[PDB]
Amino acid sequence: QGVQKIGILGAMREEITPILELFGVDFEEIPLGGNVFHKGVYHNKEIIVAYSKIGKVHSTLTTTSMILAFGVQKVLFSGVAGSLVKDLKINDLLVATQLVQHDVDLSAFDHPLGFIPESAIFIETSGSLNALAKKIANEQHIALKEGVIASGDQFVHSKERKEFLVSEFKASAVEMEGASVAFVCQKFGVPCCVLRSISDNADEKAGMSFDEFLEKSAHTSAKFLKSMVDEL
């Protein structure tokens, strides 16, 4: 066969700190393109862990580097997100079934919001990996929700923008990287799963909530991602 190569991504250092700790193996640090890639071996799999830095351009770059420079065959994203829906509470886990770039606007040419020519509004993630997540969550009695994640280059902290994301895209959560990660994976034909744990409610108090819950929510997502890797 060959050794399975798995890319594991967060956006912030804080999102990968628990990943590195939970896997508990020795990592070689490899610098490339302004990122540091942590390369280790775990259960007949080569794991490549990195944080991209915040936002769409950073995450697009890092995902592309993982695929081209490190030859990863799957990409799993773990991090935190803002909730857009009452039933997604602080610390809850969501797997993204589709993602959208919510800040894309070519409406001057009568395109729907989120749409770019030669692409699509919604980007799909891996059905087989999302099925695995649901199977594991049910076995461990973990509430795992699934839904649309909206990604953009703004930290959302207003009722008005939240309501737009729900009305326009039927999104359940908001972040700044998932859509770009999933997009790159789609372009290269690489299976992708995007996991997020809720850190805030994307409202006027979101900054304070985020600062309070980043560590715990990052750990929650990281722990679940590790449980998926254990089944690959």
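Start at 1 with the first residue shown and count on from there.
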Residue range whose averaged C-alpha B-factor is higher in the record, 204-212 or 7-15: 204-212
Average Cα temperature factor in the PDB entry - higher stretch of 94-102, 81-89: 81-89
Top residue by Cα temperature factor, when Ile121, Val72, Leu76, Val148 are compared in the entry: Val72
Residue with highest C-alpha B-factor in the PDB entry, from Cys185, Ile47, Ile54, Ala50: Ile47
Third of the chain's Cα B-factor distribution that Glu168 belongs to, per the entry: middle
Third assignment of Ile116 from its chain's C-alpha B-factors: lowest
CA B-factor ranking of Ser107, expressed as a third of its chain: middle
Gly40 by Cα B-factor - lowest, middle or highest third of the modelled chain: highest
Assigned third (lowest, middle, highest) for the C-alpha B factor of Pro31: highest
